[PDB]
Amino acid sequence: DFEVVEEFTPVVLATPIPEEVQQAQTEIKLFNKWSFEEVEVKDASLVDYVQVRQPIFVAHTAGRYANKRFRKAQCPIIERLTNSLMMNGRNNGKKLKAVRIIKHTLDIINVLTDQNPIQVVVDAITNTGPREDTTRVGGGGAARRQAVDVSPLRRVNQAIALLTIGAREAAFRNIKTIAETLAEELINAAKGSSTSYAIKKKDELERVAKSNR
Amino acid sequence: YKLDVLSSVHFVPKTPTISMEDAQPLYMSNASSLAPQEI
Amino acid sequence: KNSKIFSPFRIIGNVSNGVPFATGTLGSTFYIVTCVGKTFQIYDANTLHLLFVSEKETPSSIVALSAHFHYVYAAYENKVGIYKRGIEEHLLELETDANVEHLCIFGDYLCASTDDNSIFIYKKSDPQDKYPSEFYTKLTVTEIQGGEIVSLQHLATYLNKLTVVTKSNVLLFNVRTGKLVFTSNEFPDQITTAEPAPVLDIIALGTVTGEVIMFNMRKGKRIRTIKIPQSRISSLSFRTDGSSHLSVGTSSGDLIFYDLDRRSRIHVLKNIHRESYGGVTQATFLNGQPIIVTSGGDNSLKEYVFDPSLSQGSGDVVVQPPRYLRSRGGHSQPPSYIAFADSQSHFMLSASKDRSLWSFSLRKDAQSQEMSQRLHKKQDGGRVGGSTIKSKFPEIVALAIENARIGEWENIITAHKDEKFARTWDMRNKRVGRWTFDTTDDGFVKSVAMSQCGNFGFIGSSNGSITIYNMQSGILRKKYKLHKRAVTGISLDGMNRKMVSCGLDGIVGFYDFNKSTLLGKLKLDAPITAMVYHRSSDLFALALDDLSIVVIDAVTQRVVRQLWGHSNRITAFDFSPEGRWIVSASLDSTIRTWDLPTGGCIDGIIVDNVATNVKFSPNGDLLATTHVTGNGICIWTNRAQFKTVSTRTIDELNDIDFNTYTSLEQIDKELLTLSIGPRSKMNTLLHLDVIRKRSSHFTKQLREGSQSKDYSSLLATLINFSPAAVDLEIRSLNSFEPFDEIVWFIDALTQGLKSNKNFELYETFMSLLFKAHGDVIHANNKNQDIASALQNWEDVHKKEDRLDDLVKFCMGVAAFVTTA
Amino acid sequence: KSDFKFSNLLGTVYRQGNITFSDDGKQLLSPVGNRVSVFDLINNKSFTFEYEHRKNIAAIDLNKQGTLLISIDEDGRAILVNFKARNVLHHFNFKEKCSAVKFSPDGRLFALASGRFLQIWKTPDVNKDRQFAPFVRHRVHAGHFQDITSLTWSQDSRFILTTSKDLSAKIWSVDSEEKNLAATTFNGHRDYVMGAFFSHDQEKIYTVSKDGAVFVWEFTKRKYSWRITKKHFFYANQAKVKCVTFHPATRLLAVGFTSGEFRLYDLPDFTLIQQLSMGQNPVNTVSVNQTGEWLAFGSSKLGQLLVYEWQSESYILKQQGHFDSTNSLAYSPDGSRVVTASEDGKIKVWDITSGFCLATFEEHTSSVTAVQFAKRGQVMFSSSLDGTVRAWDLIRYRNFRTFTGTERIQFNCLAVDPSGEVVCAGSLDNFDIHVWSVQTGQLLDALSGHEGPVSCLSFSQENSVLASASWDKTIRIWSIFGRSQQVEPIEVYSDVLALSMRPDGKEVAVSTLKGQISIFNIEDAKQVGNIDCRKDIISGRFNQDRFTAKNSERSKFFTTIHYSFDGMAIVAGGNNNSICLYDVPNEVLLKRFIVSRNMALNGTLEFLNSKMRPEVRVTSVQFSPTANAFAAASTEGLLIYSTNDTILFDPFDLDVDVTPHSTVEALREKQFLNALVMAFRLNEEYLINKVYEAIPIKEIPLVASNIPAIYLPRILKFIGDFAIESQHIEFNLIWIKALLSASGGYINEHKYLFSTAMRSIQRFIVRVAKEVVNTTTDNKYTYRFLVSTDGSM
Amino acid sequence: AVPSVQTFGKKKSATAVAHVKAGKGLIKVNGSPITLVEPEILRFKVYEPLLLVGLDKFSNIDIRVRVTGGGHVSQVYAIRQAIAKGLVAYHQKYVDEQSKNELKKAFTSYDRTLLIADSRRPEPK
RNA sequence: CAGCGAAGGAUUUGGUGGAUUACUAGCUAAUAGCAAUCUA
């Protein structure tokens, strides 16, 4: 048929480079394990806000996303998960610890549910983000709520927030750690099991909006 | 003219009835080009 | 066959062909007139500049040419032409059918020897005119008196005599009395050349064995003899600046210099010209000067100079050898490949079978220069191979020049005969480059190309594999393997985005270039021999083996034209620079032009030599063809750059044949139509008072139209004349007692704008009427004739709001669609 | 797309040389620097010849058949051009400075004054093919001792009368047999003889000199031997004669002096018909019409060109250009005229078709740096070095607004709002950006944050975000409107000159001093892609400098870039003599144009002959908003490069059955839509015009509704470039109405495809059709008044 | 005597000098190989100038990086910047400009902070 | 050392010739003469 030759000598270097590292020059995988192609966002209106189309090697892109309004809609969603994981007074700044426990939770997500953990966390985002909410229409403070819709950036924000703080309180004083509780949370949120803090909170917010619609 | 022609890079060049008024604007056949407010 | 697109202009790159040239002397300067086939060319001997080229090609080859002061005498098939400044002044028809093949000019006499050993003398009419013109007598050298006439000369101070040098004898004729004065003794070997010495009544004879005789034409003896064993002598010249040297010229290409005073041999210039092309054909000293001009049959004309002697007291015995001075030259073999170097049609690259790449100038023949083959240094520092005895590269199959990055790096990429790598060249430096691109499959290079970014060169091997190298750094970038038989054409888009290859298995492959994919593959019905990509219109043409030319576009990958008509193998073809025509040339001795819009053959030329190369200029100026015989490049100019040619097919809606459409005057009688004229005439008419402040036949035709009730001639005169005339005719219209001329003008304008033509002018004529003397119409308002004339004018004019709401719709909807 | 050819040369109506008229004196031929411009003064249009001398041209003549021109430059390199085909026939080098060239009245000979030799050559045919040597020399006469200043042929092309710097004038017969009729020489002048003319009957000879004497020579007796019968003097004291001409039929002697004053006399009686002044600079050229009614004067110092009718004392045109001093240009929002901001302090509004200046504006007291249009051609803003931005109404021609700062700085670039509330301007000595309201006059803001001189400003045309870019290697994006005060700085590799902005406001292309054009996404401030342009730049070698053109760092970067209106291309120019255009998806050079081959300019030759001058530079480039062209403000003038569809066969998916023959068979068989799409696939202008006119009015909307969407911009841009000059106004408006009604939603959702084809259509509706509709409306209302009211006494 | 090239990579206070020259293909950071650059979770931040363009660009050149200052993540960002713009500058000066701006296009499409840092800050609102 | 490597290789330099603008010939007292000479 037709084939292109574009290297003309088997490439060998003087510094020995590991075989999986030099295998990573044909496709960029997260932590050299998890592929970014065939990772779709199975809910439209959240594609163009959960970003999985520039593959990365680690969740530590030091780029600047907090100086325009919707610029954090194209931080990769693994890194948005990581950044939302490193928040409380105890664990502020510790992005390498957050990256390391994201690596551990994607390994154990894959070893429990034998599928792509990036696809699992993307399904967890698109199942967790609430599609309706209530504002408090004031009237000076008349305690009545009015149901509003909710924009997709707010849905991705509140999805990552619900998932991460659900993993924190689920790891609060049990035997499991943050990596294992976050793995359980992301798996249950991906399949949508109503056993997770995150989609129970989504179902409560959507049900209250349905109530005082 | 002479101080800014030597303070520059690129080159700068320099009775009968009428001097023909070679330079003159306003003309696409305009006569009353004043504003209605001006009038 | 005469053509109707291209007309012959010149045949460039030619300097000599081995007819012995003539020298001539205007004042104290010298010119050198050399024959190039059927034209001669005059050169300025102080700098070898081309002064003149003869104006018309002679009907056969020029075979003997001489030059007195202003005039050049060129003898071809039967007749002698007398030329001044190229333009022919006279033509002397001889009364024979024998071919004239020698001539001399002295006095009032021109003497021309034919090849049946007859001599024709021609005389001036009155000794003040410029050239010999009338027939005088005929002389004959019969077999008793001498052999074949081998030269015809007049050695000086011989009152109307002629030295005729036959192959064995030397005769001396008196050309007024027609007599044979003196016939010498015989010579034991056949003499080939003669030259008169600057010594009085001495001629010098050169034989077919190796000896120069110095015959004394008054004593009848020979003065001395010079022996050059096993060398046929083809030239003789004498030095005339106080140094008695002789220069003999030998048909193995040697120029030997003798001192006659002290009988020694000064120097030998060996291999001054090629023996295979004739050796040194004419060598002559410019007289009084130490410079000698040689010329050979290898299309070359050189000058050699004697420097003054290096010993400050002896001099005459220490003779410094002759050194080289200026020279002009071209190809010694017919060229094999042709390209244009730039878009200006100034230089053209040209490769020949004598293994040289020349760069010939179309503007000034002094600028023609041989691209040098002196190799660079190796990049790492290792040794380069090759023979020590340096020879030229194998003769060039193909080349591709793309001067986008010219002067920056290597610029020409060329492919040679039966060798597996393609060299590069630099046109700016005019030299070879540092890189030779290999094919990497042990196959010869069948095609080359290069992109118009100038970064990439493409090699197409005979084992079907395209390799893409970088022209700057010389290394393999990519390698496509689609074909299995030889790849004969590679080209690429003007945006470096899609490449197109064609092999002689008859598949055209279409590849994306940035991505390394293929976009498609199209199987034709013959092996493809040559591709030409027209790059602006993205249409490439293939010369198939079934003697058709398939024109196919690269965007949608379809065969879009197929041109039939050639009877043998298509040697070459090329697109017009506008991409409208394609000119092909093939081994049925023909050149055709195809209008690929209509798909037919516009013009055909039957040319006697087969045209092996055809190239258009990158502007529409010139066609350059290259034939099987002839060392030069034939140059044609397209007459369709100055006129327009009909795209109507030859063998063996005139506006659509001349590609025009004269727009018809009005499309429909119910359609408004402006004037055929400038748009500004309405504004000039409406505001010519303020414009200038910022700066009768009519009455007779109006009356006659009021009689006949048809104002067509009136309105024709109105649309004809100028705005000052229009204002001055409308302003004087008898607005006083019965008001006839006003109402005749008004219903003339009514008859006018009933016809829906020139209607903006009829509108301004009504505006000029109301402006000039609408006050009298307002004065005798309710007058019956003028009120009825205005009534029917409004009756026709009220149907003009079609234009109003039409432009209202177009303006409103165009604004809405553009903004929102 | 990329197949631009040199169309026109706006600006610079005259540089150096002699003006010529046509025979039917409708066009005048004017030597601009090394081109030749031809202005048709009745059919209001103009073109410039494509060919190019290598030095400034000094002589022009075309024969009175109008069929071929010959132009000689200031060292004798003649060029013979076919005047109708507009293609050059021959290049002939006369060896020295030729003062005049003239064709005979019978066209068949021309003569020229090369040095002190009068040489007559005979004219090659226009019908003959090009030869290697088409000129055949008639003779060369040498009787003058110094250089010949003028020629004059007689009425019959039989004698020629030449004037020299040597203080004589001579008469030579053309042929040898009349040598005895013409062998005299005419002495008596104190200075250079500037002209020598015959009378109508060729009995009197008038010889005008530089000091101011005109001598009348007659063949009288005091035998008969050419006495001098009367000397008349101009008595202009300080000034002296610079150019003379004579119309022998109307007996009109026209004389221009070195003081701008020209006088015109009725010659054998020497009565001053008129005396008036061009200006203060000398009158370098006088030329006269064949009927003698128009006089064209050229002054060479200010580059000005009058043609003036002396009967009706009035100037047909007054047109002064700008050599070498042109800082900016801007197309009008329909591509009908170009506004030029020039270094002598003035704005000039040049029509493009007719190559002349409509209005000029001198209220800046220093070099105007930038012009920019706004409010859809109603207002025009300019900023200069005298410290002012100011606004110009192009209706009432008034400077109605002037904006200054508070710091006394000089402004180098500006940018206006789309919704023209705010003007904005940046300097090269202040590091701030000055933000003025246009409605009130006040200084609305001073934006600060650059640490280097703000080289360029541009407002995004759609979302109205400001982009500035400065020599601190930084492009910066300011959200000004609506409570933001937001600043986004994008750093870049080197210092920026000429930012430019996409028509949709999505991206911004900056030119840097490295030599590159980088293209950035505005909203997500990351680089989309760059072009590396410093190796396809032609940087010539100056005469004064001692470093090669390869190693020079003078001009290997672009100081002005501009987007195409479909957003897909960038034209670019700088201080070099190449202008380059690229397509920004592929980042590849489409085409590079050599802006000058004049060796009289400086940076033209890369290699100087081994045997200050005005350097060549382009200061502003812009694309045309309506028709597929660009203007470049070089030193020679406003170079206008445009494609045309008459040439270049470039089809669009034709097959073997798609043919002009097939198209006219489909037209004769009246499948009108099939004929229209066959002509679109041919993409042949005559075929599209033929089918377009052959479709009837009854079924314009069926065809226009069934046109496929890929052929929509072709039919729209065809209708635009056709309907500007075509007479079929209702036919073209019917087609426009049918296309806008049938497919005017596709246009609105594909704005930038039809962004130059729709601007060309409303260049037809408001500029010819609305003028006609205005005239018929005024006629209707004057009728209704003149018949509806009471005129009694 | 050798064709060599020096570039600089900076983040907050780390700074890395990279010398690139022709050689056998060895990439050495602070004397040790590139496969030892701790904190070992950002070793692919260091690797991505190699894996973005292929190791066949590095098969003929040897790089050495000297990194001072900063912290762990500032040093890996300085290393990757120095490696990236050193490869670009080597292919500019000693290989062809087409591979030069192909490398610039690949690095700029990944992130232009491999080639241009974010340097002077803050903003005074 | 390996490698490159055809009766040698590298570096430096002086001189000359040709291009560095697009080729209609020299001289003079120039409608022609001269160019061997303008002068009786």
# chains A, B, ... in the order shown; residues from 1 in each chain; ligands from 1
>>> closest_atom_pairs(of="chain E", to="chain A", cutoff="6 Å", atoms="only C-alpha atoms", output="CSV")
residue,atom,partner,partner_atom,distance
E:25,CA,A:13,CA,4.7
E:26,CA,A:14,CA,4.7
E:51,CA,A:25,CA,4.6
E:54,CA,A:25,CA,6.0
E:56,CA,A:11,CA,5.7
E:59,CA,A:13,CA,5.5
>>> write_last_selection(atoms="N, CA, C and O atoms", output="mmCIF file, in the first residue's frame")
data_model
loop_
_atom_site.group_PDB
_atom_site.id
_atom_site.type_symbol
_atom_site.label_atom_id
_atom_site.label_comp_id
_atom_site.auth_asym_id
_atom_site.auth_seq_id
_atom_site.Cartn_x
_atom_site.Cartn_y
_atom_site.Cartn_z
ATOM 1 N N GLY E 25 24.479 12.074 22.221
ATOM 2 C CA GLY E 25 23.099 12.020 22.635
ATOM 3 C C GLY E 25 22.841 12.003 24.123
ATOM 4 O O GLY E 25 21.799 11.508 24.543
ATOM 5 N N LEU E 26 23.738 12.536 24.940
ATOM 6 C CA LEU E 26 23.594 12.444 26.388
ATOM 7 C C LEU E 26 23.064 13.740 26.979
ATOM 8 O O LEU E 26 23.561 14.819 26.675
ATOM 9 N N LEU E 51 9.866 14.371 24.689
ATOM 10 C CA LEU E 51 8.779 13.559 24.182
ATOM 11 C C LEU E 51 7.837 14.332 23.283
ATOM 12 O O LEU E 51 7.047 13.717 22.565
ATOM 13 N N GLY E 54 10.302 14.100 19.949
ATOM 14 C CA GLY E 54 10.977 12.881 19.568
ATOM 15 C C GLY E 54 12.415 12.883 20.028
ATOM 16 O O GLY E 54 13.059 13.926 20.135
ATOM 17 N N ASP E 56 14.779 11.550 18.321
ATOM 18 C CA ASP E 56 15.648 11.596 17.158
ATOM 19 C C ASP E 56 16.216 12.980 16.912
ATOM 20 O O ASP E 56 17.119 13.118 16.084
ATOM 21 N N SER E 59 19.259 12.605 19.341
ATOM 22 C CA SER E 59 20.156 11.493 19.082
ATOM 23 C C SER E 59 21.530 11.939 18.615
ATOM 24 O O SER E 59 22.465 11.137 18.651
#
>>> closest_atom_pairs(of="chain E", to="chain C", cutoff="9 Å", atoms="only C-alpha atoms", output="CSV")
residue,atom,partner,partner_atom,distance
E:94,CA,C:473,CA,8.4
E:95,CA,C:473,CA,6.0
E:96,CA,C:473,CA,5.5
E:97,CA,C:472,CA,8.0
E:98,CA,C:455,CA,6.9
>>> select_by_dssp(residues="chain B", states="helix (DSSP H, G or I)", output="VMD selection string")
chain B and resid 2 to 6
>>> write_last_selection(atoms="N, CA and C atoms", output="PDB file, in the first residue's frame")
ATOM      1  N   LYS B   2      14.909  73.205   9.412  1.00  0.00           N
ATOM      2  CA  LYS B   2      16.289  72.754   9.290  1.00  0.00           C
ATOM      3  C   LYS B   2      16.750  71.959  10.512  1.00  0.00           C
ATOM      4  N   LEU B   3      16.240  72.265  11.715  1.00  0.00           N
ATOM      5  CA  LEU B   3      16.672  71.449  12.848  1.00  0.00           C
ATOM      6  C   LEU B   3      16.033  70.063  12.817  1.00  0.00           C
ATOM      7  N   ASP B   4      14.776  69.937  12.388  1.00  0.00           N
ATOM      8  CA  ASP B   4      14.257  68.578  12.323  1.00  0.00           C
ATOM      9  C   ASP B   4      14.606  67.871  11.017  1.00  0.00           C
ATOM     10  N   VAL B   5      15.231  68.553  10.052  1.00  0.00           N
ATOM     11  CA  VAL B   5      15.728  67.780   8.925  1.00  0.00           C
ATOM     12  C   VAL B   5      17.108  67.230   9.244  1.00  0.00           C
ATOM     13  N   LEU B   6      17.890  67.892  10.106  1.00  0.00           N
ATOM     14  CA  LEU B   6      19.096  67.170  10.492  1.00  0.00           C
ATOM     15  C   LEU B   6      18.886  66.275  11.706  1.00  0.00           C
TER      16      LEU B   6
END
>>> interface_residues(of="chain F", to="chain C", cutoff="6 Å", atoms="only C-alpha atoms (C1' of nucleotides)", output="PyMOL selection string")
chain F and resi 4-6+17+19+22-23+26+35
>>> write_last_selection(atoms="N, CA and C atoms (P, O5', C5', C4', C3', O3' and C1' of nucleotides)", output="PDB file, in the first residue's frame")
ATOM      1  P     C F   4      35.410   4.230   5.604  1.00  0.00           P
ATOM      2  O5'   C F   4      35.529   5.676   4.961  1.00  0.00           O
ATOM      3  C5'   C F   4      34.431   6.575   4.992  1.00  0.00           C
ATOM      4  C4'   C F   4      34.844   7.966   4.596  1.00  0.00           C
ATOM      5  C3'   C F   4      35.539   8.091   3.255  1.00  0.00           C
ATOM      6  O3'   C F   4      34.638   8.112   2.174  1.00  0.00           O
ATOM      7  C1'   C F   4      36.702   9.349   4.873  1.00  0.00           C
ATOM      8  P     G F   5      34.971   7.283   0.853  1.00  0.00           P
ATOM      9  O5'   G F   5      36.458   7.693   0.505  1.00  0.00           O
ATOM     10  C5'   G F   5      36.711   8.865  -0.237  1.00  0.00           C
ATOM     11  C4'   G F   5      38.174   9.191  -0.256  1.00  0.00           C
ATOM     12  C3'   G F   5      39.035   8.333  -1.147  1.00  0.00           C
ATOM     13  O3'   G F   5      38.967   8.726  -2.500  1.00  0.00           O
ATOM     14  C1'   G F   5      40.079   8.590   0.945  1.00  0.00           C
ATOM     15  P     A F   6      38.760   7.629  -3.639  1.00  0.00           P
ATOM     16  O5'   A F   6      40.239   7.316  -4.130  1.00  0.00           O
ATOM     17  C5'   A F   6      41.027   8.327  -4.746  1.00  0.00           C
ATOM     18  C4'   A F   6      41.888   7.767  -5.848  1.00  0.00           C
ATOM     19  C3'   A F   6      42.517   8.807  -6.761  1.00  0.00           C
ATOM     20  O3'   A F   6      43.723   8.307  -7.320  1.00  0.00           O
ATOM     21  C1'   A F   6      41.077   7.446  -8.012  1.00  0.00           C
ATOM     22  P     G F  17      42.261  43.249 -17.081  1.00  0.00           P
ATOM     23  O5'   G F  17      41.296  42.093 -17.555  1.00  0.00           O
ATOM     24  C5'   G F  17      41.503  41.458 -18.803  1.00  0.00           C
ATOM     25  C4'   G F  17      40.623  40.253 -18.951  1.00  0.00           C
ATOM     26  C3'   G F  17      39.163  40.509 -18.704  1.00  0.00           C
ATOM     27  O3'   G F  17      38.522  41.138 -19.788  1.00  0.00           O
ATOM     28  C1'   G F  17      39.787  38.587 -17.548  1.00  0.00           C
ATOM     29  P     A F  19      31.683  41.896 -19.063  1.00  0.00           P
ATOM     30  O5'   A F  19      30.501  41.050 -18.441  1.00  0.00           O
ATOM     31  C5'   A F  19      29.287  41.649 -18.070  1.00  0.00           C
ATOM     32  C4'   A F  19      28.687  40.918 -16.909  1.00  0.00           C
ATOM     33  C3'   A F  19      28.163  41.799 -15.811  1.00  0.00           C
ATOM     34  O3'   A F  19      26.909  42.355 -16.106  1.00  0.00           O
ATOM     35  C1'   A F  19      29.458  40.112 -14.863  1.00  0.00           C
ATOM     36  P     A F  22      20.369  44.432 -17.021  1.00  0.00           P
ATOM     37  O5'   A F  22      20.027  44.325 -18.564  1.00  0.00           O
ATOM     38  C5'   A F  22      21.074  44.332 -19.523  1.00  0.00           C
ATOM     39  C4'   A F  22      20.745  45.161 -20.742  1.00  0.00           C
ATOM     40  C3'   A F  22      20.753  46.668 -20.542  1.00  0.00           C
ATOM     41  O3'   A F  22      21.243  47.307 -21.714  1.00  0.00           O
ATOM     42  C1'   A F  22      18.602  45.959 -21.244  1.00  0.00           C
ATOM     43  P     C F  23      22.817  47.529 -21.928  1.00  0.00           P
ATOM     44  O5'   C F  23      23.146  46.591 -23.148  1.00  0.00           O
ATOM     45  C5'   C F  23      22.800  46.969 -24.461  1.00  0.00           C
ATOM     46  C4'   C F  23      23.628  46.198 -25.445  1.00  0.00           C
ATOM     47  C3'   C F  23      23.316  46.402 -26.911  1.00  0.00           C
ATOM     48  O3'   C F  23      24.044  47.501 -27.414  1.00  0.00           O
ATOM     49  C1'   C F  23      23.669  44.094 -26.410  1.00  0.00           C
ATOM     50  P     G F  26      30.893  53.844 -31.952  1.00  0.00           P
ATOM     51  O5'   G F  26      32.397  53.777 -32.433  1.00  0.00           O
ATOM     52  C5'   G F  26      33.430  53.482 -31.518  1.00  0.00           C
ATOM     53  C4'   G F  26      34.752  53.884 -32.093  1.00  0.00           C
ATOM     54  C3'   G F  26      34.870  55.345 -32.458  1.00  0.00           C
ATOM     55  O3'   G F  26      35.170  56.165 -31.348  1.00  0.00           O
ATOM     56  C1'   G F  26      35.636  54.030 -34.246  1.00  0.00           C
ATOM     57  P     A F  35      42.078  57.524 -45.196  1.00  0.00           P
ATOM     58  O5'   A F  35      41.909  56.581 -43.935  1.00  0.00           O
ATOM     59  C5'   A F  35      42.571  56.855 -42.712  1.00  0.00           C
ATOM     60  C4'   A F  35      42.047  55.965 -41.620  1.00  0.00           C
ATOM     61  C3'   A F  35      42.104  54.487 -41.919  1.00  0.00           C
ATOM     62  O3'   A F  35      43.370  53.944 -41.632  1.00  0.00           O
ATOM     63  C1'   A F  35      39.965  55.040 -41.103  1.00  0.00           C
TER      64        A F  35
END
>>> interface_residues(of="chain C", to="chain A", cutoff="6 Å", atoms="only C-alpha atoms", output="list in words")
residues 478, 479, 480, 481 and 482 of chain C
>>> interface_residues(of="chain C", to="chain B", cutoff="10 Å", atoms="only C-alpha atoms", output="tab-separated table (two decimals) with N, CA and C atoms, in the first residue's frame")
chain	number	residue	atom	x	y	z
C	683	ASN	N	-23.38	64.27	-12.82
C	683	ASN	CA	-22.99	65.21	-11.78
C	683	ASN	C	-22.39	66.47	-12.36
C	684	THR	N	-21.64	66.34	-13.46
C	684	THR	CA	-21.11	67.50	-14.16
C	684	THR	C	-22.22	68.39	-14.69
C	686	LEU	N	-25.36	68.46	-13.53
C	686	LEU	CA	-26.19	69.00	-12.46
C	686	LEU	C	-25.49	70.10	-11.69
C	687	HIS	N	-24.16	70.07	-11.60
C	687	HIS	CA	-23.45	71.08	-10.82
C	687	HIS	C	-22.28	71.65	-11.59
C	688	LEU	N	-22.47	72.02	-12.85
C	688	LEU	CA	-21.29	72.55	-13.52
C	688	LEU	C	-21.06	74.03	-13.25
C	689	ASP	N	-22.00	74.74	-12.64
C	689	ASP	CA	-21.72	76.13	-12.28
C	689	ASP	C	-20.75	76.19	-11.10
C	690	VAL	N	-21.03	75.43	-10.04
C	690	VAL	CA	-20.23	75.50	-8.83
C	690	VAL	C	-18.88	74.82	-9.03
C	691	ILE	N	-18.85	73.87	-9.97
C	691	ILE	CA	-17.60	73.14	-10.33
C	691	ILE	C	-16.63	74.15	-10.97
C	692	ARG	N	-17.12	74.97	-11.90
C	692	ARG	CA	-16.28	75.95	-12.58
C	692	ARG	C	-15.93	77.12	-11.67
C	693	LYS	N	-16.85	77.51	-10.79
C	693	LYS	CA	-16.54	78.53	-9.79
C	693	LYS	C	-15.43	78.08	-8.87
C	694	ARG	N	-15.34	76.76	-8.67
C	694	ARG	CA	-14.28	76.16	-7.82
C	694	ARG	C	-13.01	75.99	-8.65
C	695	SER	N	-13.12	76.03	-9.99
C	695	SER	CA	-11.95	75.90	-10.84
C	695	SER	C	-11.33	77.22	-11.26
>>> atom_distance(atom1="CA of residue 99 (chain C)", atom2="CA of residue 154 (chain C)")
21.3 Å
>>> select_by_dssp(residues="region 71-139 of chain D", states="strand (DSSP E or B)", output="PyMOL selection string")
chain D and resi 71-73+77-82+87-93+98-103+109-114+117-122+136-139
>>> atom_distance(atom1="CA of residue 396 (chain D)", atom2="CA of residue 33 (chain B)")
4.6 Å
>>> interface_residues(of="chain D", to="chain E", cutoff="10 Å", atoms="only C-alpha atoms", output="mmCIF file with C-alpha atoms, in the first residue's frame")
data_model
loop_
_atom_site.group_PDB
_atom_site.id
_atom_site.type_symbol
_atom_site.label_atom_id
_atom_site.label_comp_id
_atom_site.auth_asym_id
_atom_site.auth_seq_id
_atom_site.Cartn_x
_atom_site.Cartn_y
_atom_site.Cartn_z
ATOM 1 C CA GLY D 449 1.272 49.956 32.025
ATOM 2 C CA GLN D 485 -10.704 48.200 33.638
ATOM 3 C CA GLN D 486 -9.094 44.889 32.766
ATOM 4 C CA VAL D 487 -5.534 44.531 31.476
ATOM 5 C CA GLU D 488 -4.059 41.363 29.960
ATOM 6 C CA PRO D 489 -0.383 41.582 29.005
ATOM 7 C CA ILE D 490 1.012 39.096 26.496
ATOM 8 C CA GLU D 491 4.779 39.064 26.372
ATOM 9 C CA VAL D 492 6.541 38.357 23.105
ATOM 10 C CA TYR D 493 10.104 37.684 22.048
ATOM 11 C CA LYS D 526 -1.924 32.241 23.887
ATOM 12 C CA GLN D 527 -0.116 32.239 20.567
ATOM 13 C CA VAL D 528 -1.962 30.629 17.681
ATOM 14 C CA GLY D 529 0.879 30.725 15.167
ATOM 15 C CA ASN D 530 3.722 32.704 13.646
ATOM 16 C CA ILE D 531 5.327 33.400 10.295
ATOM 17 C CA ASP D 532 9.105 33.724 10.098
ATOM 18 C CA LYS D 535 14.464 35.536 5.099
#
>>> residues_around(residues="residue 86 (chain A)", least_positions_apart="3", cutoff="10 Å", atoms="only C-alpha atoms (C1' of nucleotides)", output="list in words")
residues 81, 82, 83, 89, 90, 91, 92, 93, 94, 95, 96, 97, 98, 99 and 164 of chain A
